[PDB]
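# Close look at the chain arrangement
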Amino acid sequence: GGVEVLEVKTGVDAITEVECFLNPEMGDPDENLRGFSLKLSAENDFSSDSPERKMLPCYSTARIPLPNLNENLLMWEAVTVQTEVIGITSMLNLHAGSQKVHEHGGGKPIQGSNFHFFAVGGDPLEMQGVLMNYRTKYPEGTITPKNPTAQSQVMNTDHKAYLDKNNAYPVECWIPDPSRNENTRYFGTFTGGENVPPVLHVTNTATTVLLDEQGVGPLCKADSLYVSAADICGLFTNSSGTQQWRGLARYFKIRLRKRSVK
Amino acid sequence: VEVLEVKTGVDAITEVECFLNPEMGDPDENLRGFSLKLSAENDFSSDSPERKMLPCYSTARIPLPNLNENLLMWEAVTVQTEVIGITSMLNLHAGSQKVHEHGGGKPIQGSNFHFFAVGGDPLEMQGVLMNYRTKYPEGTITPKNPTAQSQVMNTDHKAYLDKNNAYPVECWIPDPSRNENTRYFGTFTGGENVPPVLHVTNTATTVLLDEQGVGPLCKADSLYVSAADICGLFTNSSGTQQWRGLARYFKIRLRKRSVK
Amino acid sequence: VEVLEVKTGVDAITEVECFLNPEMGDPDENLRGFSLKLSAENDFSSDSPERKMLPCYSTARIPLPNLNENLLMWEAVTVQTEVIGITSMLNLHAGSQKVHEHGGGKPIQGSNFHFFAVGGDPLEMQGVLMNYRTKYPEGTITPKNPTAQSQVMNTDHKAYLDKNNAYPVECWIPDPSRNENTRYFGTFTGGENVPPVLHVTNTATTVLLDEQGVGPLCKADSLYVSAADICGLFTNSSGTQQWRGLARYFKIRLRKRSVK
Amino acid sequence: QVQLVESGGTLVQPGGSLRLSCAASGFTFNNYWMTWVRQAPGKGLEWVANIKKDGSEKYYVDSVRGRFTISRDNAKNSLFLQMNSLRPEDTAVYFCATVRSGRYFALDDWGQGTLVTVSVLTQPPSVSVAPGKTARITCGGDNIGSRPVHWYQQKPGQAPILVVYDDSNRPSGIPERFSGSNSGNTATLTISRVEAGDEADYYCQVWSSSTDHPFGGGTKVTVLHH
């Protein structure tokens, strides 16, 4: 249930707009390789899987404080969001670091499995843990399912969490929880495969509406707005054959209005 | 039954949910969600697959609030559904064969099947076989008395999805000539290198009403959900392959309907 | 500026058109539309691309009929646009490596980027780099004082597309936080074997009005068109690769708007 | 605050049955897994069985699977272990332990134990250290760095205490003098500014799978005293 929603406030001061860029968290193996992950290991048996922290991309998130409008109670209601991945043309650099596609050719473009996801809500994004291999020892500095069992590889209802920390929740361990998130709208698409091509579209004319069937958007509890993202673009193949995840930042522009509640 | 007016008044609507586990074969206690490794090149005359190698349809029966003690039935109106755990395929460091020397592990890919159903009766199925001479193992329910026409259309191969982890996906499909009280949706994509493509959002809803505006009517206050979500093949370092499946979520909205 | 009513009348509308040439690098006098051949495997610490290797954004300022000397501005309402010469890639007999012995030439394919913008101000752009230590050559305009932050988001890397054949595509994207007076559209598709997919038709129109019903308002009777149409890589017989680009057509309808 | 009381231990004929009880108080019982650990007289600790928060998942060590049945009553804050077909090899003090710190089944709070009489990881047996000096206790196994390690301290005639969980993390109330590291094929516990109280038996535990919670044999650390 939550709160009982009343009328929408009108007036020139009844609308506000917030924007932000959300950095990607791919692992950052050293101070020069911001936006990349550590090179990927392979063929570790399920019984001895223990990835390094700098190899694991994580969800990005930020809490945006909104103007205090109570100064009947009011809440900021998120109505629309414009969002976009920043820096897609940087993958047209094929002269740096990447393995040549063949003798005398250019570098190999970033390609492979990718995941593009964003969420807007008045609460932190609620997440459900699912694991490829429950026996994985995840490293210090990450937050992954507690007390994992073999059912963590399908559905273990004890693996609930709030996306409440940045660069902490590995993407491979968590997904948005459809059984919750009453105060959040989320959108994501996964495409896996060695040769999956990145496909990214930019325009400042597209808007996603955040209202539900009753015309209510996410209501910002404690005057805070939550943005979340994960934009793994694919793998970068170095000249030696090693591979690293590559991520890019995401822009948000959210329009909000004042809404009466009881 | 003869369908009358929709009842109104707060207590007239209800909303139920459940997570439905995949039944991929589960070769041992640690590999829940996977199948046994796949055999190959067995001649049609001696095709004899093991049970743990065969993915099966998932199904469950969700009890609804009792209505009768002026007959009423629960009518499913909408469903929100989603495959759970799609980002776990971003683990390329465990168990999977390297794409090349010094590279990362090979992603899960290949043939996949994604299917769900919501109804007031058990999903009704029709059997079709790749090879009618296949000897299906103990523990599975497959077409009885298969013949060569089982490979195209044998109308005797009718079944209800009335048991979990027992009807192999490769043997059965939703029966379009029946299922008057069920809505089903499925998409098959086949091939070695087929990339998995999975979308998640809590903003999409499927309406279950038919042309007359009637949704599935729940017999005996029992709502049926069914699913099959084979995501592709996992390639181990040695080259062996296993199916990988994922669970599916349901949130169904229902209302009280008068019937005569 | 405060937007008032739309002027009506046979003379309240105007229409302009132009062809915008691509800026791929032009390595010599004969290879207009191509780039210099690509180098590969330069370490991030010593990345130093030559200018003729870097495709750049195209832009042009179109003068409009003078309106003033109660103010009026030209308002861009619609645009028809398409890529010019898409069928030239059906030349497989010239220069391109054979697909196999006795076969025809390899088609242009690979990573591509197609983008256009219309506004009353120069396109506002944001700098993002694959490698921040890259030494960009004389004659280009690239992010000033790059740091590792420039590989994700460095808010200091702001620029106007105010010079043609100067801003490398691999360095700059349209800035979503600005461009209040410009509409931009772009699509990137990367990968070695990405097939070019290009549609042409004179019946398709993009509306340039915002949610308020106002189009780009042309400051100083000037309209700005921008483009970047990298189609893919051309593979020579020796195995070397060059970008190939094509020009873009614009037809923009405008109308007279009152402002205060 | 937290209190655990085991009961039910007595003498049992081989092939007989016995039911153990553990009364829990001072914490939210239904929020944590519960574990049974046994220790034969003069030997080390052995993981026997554990159970999920709501009892929907149960796991057993091989030697007792089919004979033992673990259960819990969250309405009464009680944990149970039903032992059938008891063999002489089952003779041990049985501990009742909570699963609070970390992700990989470390054991935080232990009871006093109850005695039942029926009738992989390499540790050095002994280590000596001077007071104020620094002592190292090692735990060895194949690719132990790939698995999580927990370290426990047990003073003679007392219940075990968890000093390090998930390789390097120290619970609240444990001094920074105790430090743990795990790499390669050896995990090491380091005790610095050694004090008289530090002298005890020290155990390493590894989590490899749901039924595999191996313990080490243990090392006696002796502070040179008089």
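Residues numbered from 1 in each chain as written, not as in the entry; some residues may be left out. Chains lettered and ligands numbered in written order. Part of a larger assembly, values for the part shown. Heavy atoms only, no water. Residues with missing side-chain atoms left out of burial classes, pairs and counts.

Going by the PDB entry, chain B carries the name Capsid protein VP1 and comes from Betapolyomavirus hominis. In its Subunit (unreviewed entry) section, the UniProt entry covering chain B states "Homomultimer." (UniProt positions renumbered as here; feature names shortened; annotations may be inferred.)

The name the PDB entry gives chain A is Capsid protein VP1, with Betapolyomavirus hominis as the organism. Taken from UniProt, the Function (unreviewed entry) comment for chain A reads in full: "Forms an icosahedral capsid with a T=7 symmetry." The record held by UniProt for chain A lists under Subunit (unreviewed entry) the comment "Homomultimer."

## Structural notes on the pattern of salt bridges
Tallied over the entire structure, the rule returns 39 salt bridges over all chains. In this structure, D:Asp167 and A:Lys137 form a salt bridge, with 2.5 Å as the shortest nitrogen-oxygen distance. Taken together, the residues D:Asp167 in the loop between β14 (161-164) and β15 (178-183) and A:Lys137 in the loop between β6 (126-129) and β7 (160-162) connect one chain to another. Residue class for D:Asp167 comes out buried when judged on its relative accessible area of 11%. Judged by its relative accessible area of 10%, A:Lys137 is buried. Note that C:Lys7 is salt-bridged to C:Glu5, the shortest N-O span being 3.2 Å. Since its relative accessible area comes to 34%, C:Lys7 is described here as partly exposed. (Salt bridge = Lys/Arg side-chain N within 4 Å of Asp/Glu carboxyl O. Helix = DSSP H or I, 4+ residues; strand = E, 2+ residues; numbered from the N terminus. Buried < 20%, exposed > 50% of the residue type's maximum accessible area, 1.4 Å probe, protein only.)

## Re the sheet that holds strand β3 (residues 18-25) of chain D
All names here are of chain D. Spatially, the four strands line up as an open sheet ordered β1-β3-β8-β7, and their pairing is antiparallel. Each of the sheet's edge strands pairs with one partner strand only, and the pair in question is β1 (3-7) and β7 (68-73). Strand after strand, the sheet turns through a mean of 15° between neighbouring axes, direction not considered. Pairing analysis gives six bridges linking β7 to strand β8 (residues 78-83), with the strands arranged antiparallel. (Pairing = 2+ DSSP bridges. Axes fitted to C-alpha atoms, helices over the stretch in contact; angles between N-to-C directions.)

## A look at the interface of chain A and chain C
Between chain A and chain C, the residue contacts involve 52 residues of the former and 53 residues of the latter. In terms of residue class, the side of chain A that touches chain C is made up of 21 nonpolar, 22 polar and nine charged. Judged from the five bridges that link them, strand β10 (residues 199-203) of chain A and strand β9 (residues 182-189) of chain C form a sheet pairing that is antiparallel. In the strand pairing of β9(C), A:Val202 is matched with C:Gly186. (Contact = heavy atoms within 4.5 Å. Nonpolar A, V, L, I, M, F, W, Y, C, P; charged D, E, K, R; others polar.)

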